[PDB]
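Novice: Chains as they are written, first to last, in PDB author numbering: chain U, 63 to 123; chain V, 1 to 66.
Where is the CB? At the ideal position from N, CA and C, for every residue including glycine.
Once you've had a glance at the structure underneath, I'll fire off some questions.
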Amino acid sequence: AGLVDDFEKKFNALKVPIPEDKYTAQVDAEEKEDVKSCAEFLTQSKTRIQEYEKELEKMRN
Amino acid sequence: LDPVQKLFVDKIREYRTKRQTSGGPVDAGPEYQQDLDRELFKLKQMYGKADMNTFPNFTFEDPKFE
Numbered sequence: 063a064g065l066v067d068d069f070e071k072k073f074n075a076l077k078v079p080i081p082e083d084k085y086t087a088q089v090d091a092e093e094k095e096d097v098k099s100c101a102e103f104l105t106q107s108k109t110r111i112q113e114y115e116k117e118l119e120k121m122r123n
Numbered sequence: 001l002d003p004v005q006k007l008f009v010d011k012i013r014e015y016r017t018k019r020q021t022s023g024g025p026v027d028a029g030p031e032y033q034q035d036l037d038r039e040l041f042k043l044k045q046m047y048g049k050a051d052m053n054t055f056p057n058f059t060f061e062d063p064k065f066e
């Protein structure tokens with residue numbers, strides 16, 4: 063019955079570490095490439111749009 | 001363990017004599033020891049030849065999708 067005890071203690075006291083993070087740039091190398099999207103492509107894209115709609119108005123006129 | 005007293009008295013008496021001995025519980029006998037060692041092998045095959053006095057442990061990993 064010694065065995066039960068020995069393995070008991072070692073096992074029950076033991077905690078093995080959660081398979082560990084290596085990468086967390088995902089969030090980041092995105093959210094920065096999401097700015098890459100926004101500011102960089104937002105601005106250029108919105109500024110273009112304005113010229114279109116600006117000529118149409120007068121073209122509706 | 002126990003029934004018919006007329007045989008049983010003697011028969012059970014001899015069985016206890018076994019327990020009341022420590023050159024084996026009265027003896028053992030080669031024949032048993034040979035089979036024991038065999039059977040002990042086989043059941044290790046039954047559940048793999050690791051020793052479950054210890055438990056397993058694992059390892060960890062990750063990769064990038066894009």
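#1: Where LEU43(V) and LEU36(V) are concerned, what is the direct C-alpha to C-alpha distance, given to the nearest angstrom?
#2: Give the range of the alpha helix (DSSP H) segment to which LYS84(U) is assigned.
#3: Which residue wins for smallest C-alpha separation from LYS64(V), given the options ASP68(U), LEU76(U), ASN123(U), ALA87(U)?
#4: So, at 7 angstroms on beta carbons, what are the nonlocal neighbours of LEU118(U) in its own chain, with the 5 sequence-adjacent residues on each side left out?
#5: Taking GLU61(V) as the reference, which of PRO81(U), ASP68(U), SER107(U) has the closest Cα?
#6: Below 8 angstroms between beta carbons: does that hold for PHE55(V) and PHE73(U)?
#7: What residue does the alpha helix (DSSP H) around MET52(V) start on, and which one ends it?
#8: Please report the straight-line C-alpha distance between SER22(V) and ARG13(V), rounded to a whole angstrom.
#9: Output the distance between the C-alpha atoms of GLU31(V) and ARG38(V), rounded to the nearest integer angstrom.
Specialist: So, to answer that:
#1: Our two residues, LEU43(V) and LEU36(V), have alpha carbons roughly 11 angstroms apart in a direct line.
#2: For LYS84(U), no alpha helix (DSSP H) run applies, since DSSP gives it neither H nor E.
#3: From the listed residues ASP68(U), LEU76(U), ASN123(U), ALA87(U), the smallest Cα separation to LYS64(V) is found for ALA87(U).
#4: Closer than 7 angstroms at Cβ, skipping near neighbours: no residue.
#5: Measuring from the Cα of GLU61(V), the nearest candidate turns out to be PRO81(U).
#6: Yes, Cβ-Cβ distance for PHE55(V) and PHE73(U) is below 8 angstroms.
#7: Judged by DSSP secondary structure, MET52(V) falls outside any alpha helix (DSSP H); it is assigned neither H nor E.
#8: The alpha-carbon atoms of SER22(V) and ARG13(V) are separated by roughly 17 angstroms.
#9: Those two C-alpha atoms are separated by around 11 angstroms.
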